[PDB]
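So the protein lines, in turn, are chains Z and Y.
Going by my numbering, the first residue of the first sequence is number 22, and it counts up by one from there.
Going by my numbering, the first residue of the second sequence is number 75, and it counts up by one from there.
Even for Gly, the Cβ is constructed at its ideal location relative to N, Cα and C.
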Amino acid sequence: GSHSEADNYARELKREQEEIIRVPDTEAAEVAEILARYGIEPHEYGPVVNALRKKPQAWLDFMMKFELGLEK
Amino acid sequence: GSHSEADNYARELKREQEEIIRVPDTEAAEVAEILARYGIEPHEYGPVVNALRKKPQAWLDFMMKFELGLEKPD
Ligand SMILES: [Cl-]
Ligand SMILES: [Cl-]
Ligand SMILES: [Zn+2]
Ligand SMILES: [Zn+2]
Ligand SMILES: [Zn+2]
Ligand SMILES: [Zn+2]
Ligand SMILES: [Zn+2]
Ligand SMILES: [Zn+2]
Ligand SMILES: [Zn+2]
Ligand SMILES: [Zn+2]
Ligand SMILES: [Zn+2]
Ligand SMILES: [Zn+2]
Ligand SMILES: [Zn+2]
Ligand SMILES: [Zn+2]
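Put into structure tokens, the structure is as follows:
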């Protein structure tokens with residue numbers, strides 16, 4: 022049967038959301054490590070990682086785009 | 075025929091470095107716009123911009139990824 026472009030993204034969205042709920046500090050470490058790739062130091066990237074944790078839907082969007090390479 | 079021309083990556087990498095040299099303030103403003111989409115505030119991303127500016131090679135790869143959706147190979 023079908024494979025909706027909608028369905029693939031909802032499949033990938035669901036998996037990532039469940040990781041944020043079950044292992045949030047691990048997901049926060051994924052952000053830190055992406056930003057550290059560009060020689061940004063913890064004292065510099067820290068507040069961005071903290072800003073995302075406080076906005077779970079934005080944090081989920083950020084992972085979808087910058088960890089998984091996906092768009093809406 | 076078979077294709078060998080400098081790919082989208084090669085061309086955008088050329089274009090993106092020239093911007094960084096010629097209109098760095100404009101490329102800094104692009105990072106602010108990108109991180110602001112995810113609810114981040116200037117006092118939060120300001121230090122990240124400031125660090126990217128001091129590291130031209132890091133900054134180029136940042137823009138390739140966060141602006142243009144392209145990974146650095148290998
Ligand atoms: Cl939110
Ligand atoms: Cl550098
Ligand atoms: Zn089928
Ligand atoms: Zn099938
Ligand atoms: Zn994941
Ligand atoms: Zn993740
Ligand atoms: Zn994960
Ligand atoms: Zn051909
Ligand atoms: Zn052709
Ligand atoms: Zn081609
Ligand atoms: Zn372009
Ligand atoms: Zn550009
Ligand atoms: Zn740019
Ligand atoms: Zn530009």
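Query                                                                                                             : Result
Of the listed residues Y:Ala84, Y:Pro121, Y:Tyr112, nearest to Z:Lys86 (C-alpha basis)                            : Y:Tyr112
Other residues of its chain near Y:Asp135: CB distance less than 8 Å, five sequence neighbours each side excluded : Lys146
Z:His24 beta carbon near ligand 10 (any heavy atom closer than 7 Å)                                               : no
Partners in chain Y for Z:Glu62, counting only beta-carbon separations shorter than 8 Å                           : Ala125
Cβ-based burial, Y:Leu109 [other Cβ within 10 Å; buried from 16]                                                  : buried
CB contact flag (Y:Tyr119, Y:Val105, <8 Å)                                                                        : yes
Chain Y within 8 Å of Z:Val52, Cβ atoms only                                                                      : no
Whole-angstrom distance between Z:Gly22 and Z:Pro68, CA atom to CA atom                                           : 45 Å
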